[PDB]
Structure formats: structure tokens, C-alpha cells
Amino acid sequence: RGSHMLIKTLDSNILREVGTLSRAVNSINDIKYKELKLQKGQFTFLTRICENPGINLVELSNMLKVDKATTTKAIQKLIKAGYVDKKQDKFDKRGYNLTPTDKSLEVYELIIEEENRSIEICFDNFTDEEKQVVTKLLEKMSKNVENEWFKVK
């Protein structure tokens, strides 16, 4: 702490704000999901598996915009914790299909409840028009960075 000033060399604050928002939501999700052992992004992988049963690790990486190594490590942990089953694919011998276990089906509703609670917090004091606007413009930002990720990966 001291006397501060704006950073003149950074063209925009937009990614700092996106990092702040993202670290904050994940730090808070780390509190809620510690007891369930779903902290550090685990709940993210789980929801996608529940929403798309049979998805494979490659598809799951592409959906989440991370590399396969990240996905592999997270899937191993979720299997060990009994949230996911993997089965070798019938047609590609080194693919796996991911499926949710009976356990994770109860948690799924819990997770979605939590997401809607975080969503409500994000939108505190938003008008409906602001909601729509920011929703749409984030989509546009998202698609730009998606495109780049497919080129660069």
C-alpha cells in the first residue's frame, strides 16, 4: 500500500477484470466444494460429464478449453473419489468414455443450485437489459478467444 496510479502501458483492464472475477468465483467454489472433494475445478469436469454422459477425454478438453493432460489428471481424481467411471471406447482402442456414477447424480443438482446462487451474486443490482448486454458481449469475447485457442493448440 502507498500512492498508486493507472498503468498507462496496458491497453485495457478487461482481462484483469476477467481474472479477478474468475479467481474470485473459483476461490469461493473451493470453499463450498471442499467437503465434497470437488475443489480446484473438479466440479467443472463433473458437470460436463453429467450433462454429456459418454463424452470422451478429448471432447471434454475441447469443450473446456484446456489441454488433455489437465483433463486426464482431473478425471483420475474424480474416478478415485467415485464420481466418474471410464470405459475404453469400442472403436478407438485408446479413447475412454466418461460416465457419471450414481453418487455424482445427487451432487449434480447441488452443483447447479450453487452455480445459480453464484449467478445471482454476479447479477446483484443488474437490470434485465444489462444482463442481456453483458451476456451477449461476453459470448462475443469468448468466441474470439476460442478461435485463437483452436489455432494455437
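So that there is no doubt, residue numbering starts at 1 and follows the sequence shown.
- Note on 51 to 59 vs 29 to 37: mean CA B-factor is higher in 29 to 37.
- For the two regions 41 to 49 and 105 to 113, the entry's Cα B-factors average higher over 105 to 113.
- Among the modelled residues of its chain, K65 has a C-alpha B-factor that falls in the lowest third according to the deposited record.
- Among the modelled residues of its chain, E130 has a C-alpha B-factor that falls in the middle third, as given in the PDB entry.
- Sort the chain's modelled residues by C-alpha temperature factor and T9 lands in the highest third, per the entry.
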